[PDB]
Each structure stands twice: as structure tokens, then as C-alpha cells.
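Here are the chains, one letter per residue:
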There are 2 protein chains.
Amino acid sequence: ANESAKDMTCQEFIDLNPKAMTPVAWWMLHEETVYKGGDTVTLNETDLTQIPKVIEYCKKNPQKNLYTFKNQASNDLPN
Amino acid sequence: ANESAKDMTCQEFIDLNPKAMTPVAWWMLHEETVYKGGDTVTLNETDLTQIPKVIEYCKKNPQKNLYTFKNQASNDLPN
């Protein structure tokens, strides 16, 4: 266990099963959070737009880490 | 994309990468639904205890649907 989704490389992300790619995408994009400002853990329209972009941006850059794709994304949550 | 994390068979789950198995094991313990007046969406100690047990339930019962292992687990609310 714990081969590390946060250390999965982008070439490996685009090669994992497309069933389990969907949970991986939000786990990363919302960075395993406890959720702040409320409990509205639903997919937001930014999130729904980013689910394809976190895949495209990996096949476009196969050398990158999977979890650094959080740095671009705002989601909805407060600082 | 758009393969069924919600219908990954248990023989297919124990064959997915141990990197992305971790997101799927939470995702199944806490569905794409919305929360019920709390913050226990974290990898709390019940979830940390269930994440290995649901992997063990798939390799011992490889015919089951991975998401059946939610129906046993009353963890997706505050207590």
C-alpha cells in the first residue's frame, strides 16, 4: 500500500484506470481537505471545468508531478 | 475518461495502482454526495481503520462491486 497518489507522475496518471482517475482528480484538486467556510463539498462549476484540465495538463506535460496541479486551482474554499 | 469508479469490480480494484487505490478507498467510504452539518470528511480514525479493511474485503470477495463496501459503513456524518 501507499505507492503515493501525491507522487504519481503525469505519465503514470494518464496510464492508471479511467474508473479511478475521477476520485484521484478531486483528491488532488481539493488536496485531501477537511473543507472550510461550510460543508458544501459538492462539485462547483470551476471544479467541473478543472476535472478535464488536470488530465489534459498531464498528457501535455508527462514529466510533472500529479499534485502540483493544485497550485493553479481556486475551487471555492476560503483562506 | 468516464469509466465507472462506482462499478469497478473487486478483481479490477485489487489490480488498479496502489497510488490511486487510496483516493478510491476514501471516495467509496464518502460518496460524491454533500455533507450533513459537520467536518468529518477528513481521514478520521474510523476511515483510517476502514481503508485497509475494504481492500481486504475485495481480495477475499473478488466478485463484489467496490462501492457495495459503502453500505456497511455509517461514517459519512458527524458524531
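Residues numbered from 1 in each chain as written, not as in the entry; some residues may be left out. Chains lettered and ligands numbered in written order. Heavy atoms only, no water.

As recorded in the PDB header, solution NMR is the method behind this entry.

S.K.: Help me out: how do you make sense of the state of the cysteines in this one?
M.R.: Here a disulfide denotes one covalent bond, and it connects the sulfur atoms of two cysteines. Residue and element names in this part refer to chain B. Taken as a whole, this structure holds two disulfides over all chains when the rule is applied. Note on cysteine connectivity: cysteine 10 is disulfide-linked to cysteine 58, with sulfurs 2.0 Å apart. Taking the sign of the S-S torsion, about -60° here, the bridge from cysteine 10 to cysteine 58 comes out left-handed. Placement of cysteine 10 in helix 1 (residues 10-13) and of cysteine 58 in helix 3 (residues 45-60) is noted, with a sequence separation of 48 residues between them. As far as burial versus exposure is concerned, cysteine 10 and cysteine 58 are alike and both buried. (Disulfide = S-S within 2.5 Å. Helix = DSSP H or I, 4+ residues; strand = E, 2+ residues; numbered from the N terminus. Buried < 20%, exposed > 50% of the residue type's maximum accessible area, 1.4 Å probe, protein only.)

S.K.: Hey, could you run me through the packing of helix 2 (residues 18-29) of chain A against helix 2 (residues 18-29) of chain B in this one?
M.R.: Packing of helix 2 of chain A against helix 2 of chain B leaves a shortest axis separation of 8 Å and a crossing angle of 85°. By the angle between their axes, helix 2 of chain A is roughly perpendicular relative to helix 2 of chain B. Contacts from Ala20, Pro23, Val24, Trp26 and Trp27 of chain A of helix 2 of chain A reach helix 2 of chain B at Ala20, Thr22, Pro23, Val24, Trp26 and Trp27 of chain B. By residue class, the composition of the contact of helix 2 of chain A with helix 2 of chain B is ten nonpolar, one polar and no charged. (Axes fitted to C-alpha atoms, helices over the stretch in contact; angles between N-to-C directions. Parallel < 35°, antiparallel > 145°, perpendicular 65-115°, else oblique. Contact = heavy atoms within 4.5 Å. Nonpolar A, V, L, I, M, F, W, Y, C, P; charged D, E, K, R; others polar.)

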